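Asker: Numbering (the numbering used here), first residue to last: 15 to 140.
Handing you a structure now.
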């Protein structure tokens with residue numbers, strides 16, 4: 015029922031790059047999803063205490079959220095685009111795992127994922 019430490023956003027010994035694909039992931043992908051009317055439940059790690067989800071972290075062992083991804087992109091945490099794309103996919107997958115089909119939160123994730131897929135389709139060449 016307690017919250018775990020949040021995912022890492024800082025790791026000085028992790029090698030880093032700033033690439034045109036990672037720039038696109040921030041300037042286009044993250045910004046598009048962040049501004050959406052359904053963004054709010056995904057803009058920070060799941061607070062299992064505030065949201066009264068005492069089993070959330072029993073079930074979800076690889077937590078991820080756009081607050082974390084936003085910090086990772088702004089602080090150049092990544093080496094490549096695939097790492098960041100995996101974070102988004104983890105976020106959506108977690109939501110579908112924990113929740114019931116048709117739940118509001120699932121519909122919200124689906125709308126963000128649709129946009130995500132549209133933006134990744136046009137990921138610029140390296």
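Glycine included, each C-beta is placed from N, C-alpha and C at the ideal position.
Where does residue 100 fall in DSSP's three states?
Answerer: helix
Asker: Once DSSP output is grouped into helix, strand and coil, what is the label at residue 86?
Answerer: helix
Asker: How would you call residue 31, buried or exposed, if buried means at least 16 neighbouring beta carbons within 10 angstroms?
Answerer: With fewer than 16 other Cβ atoms from the protein chains shown falling within 10 Å of its own Cβ, residue 31 counts as exposed.
Asker: Check whether the region 66-81 and the region 25-41 touch, using three or more Cβ-Cβ pairs below 8 Å as the test.
Answerer: Contact between the region 66-81 and the region 25-41 is absent, with fewer than three C-beta pairs closer than 8 Å.
Asker: Using three-state DSSP, classify residue 116 as helix, strand or coil.
Answerer: coil
Asker: Within a Cβ cutoff of 6 Å, which residues of the same chain sit near residue 90, ignoring the five residues on either side of it in sequence?
Answerer: Listed in chain order, the non-local C-beta contacts of residue 90 below 6 Å within the same chain comprise 30 and 32, local neighbours out to five positions each way being set aside.
Asker: Since residue 48 is in the alpha helix (DSSP H), which residue starts that stretch and which ends it?
Answerer: 45-48
Asker: Excluding five sequence neighbours on each side, which residues of the same chain lie with their C-beta closer than 6 Å to the C-beta of residue 98?
Answerer: 39 and 92
Asker: I think residue 106 touches residue 127, with their Cβ atoms under 8 Å apart; what is that distance to the nearest whole Å?
Answerer: 5 Å
Asker: Pick from 134, 140 and 139: whose alpha carbon is nearest that of residue 42?
Answerer: Taking residue 42 as reference, the option from 134, 140 and 139 with the minimal CA-CA separation is 134.
Asker: Out of curiosity, what's the CA-to-CA distance linking residue 112 and residue 37?
Answerer: 31 Å
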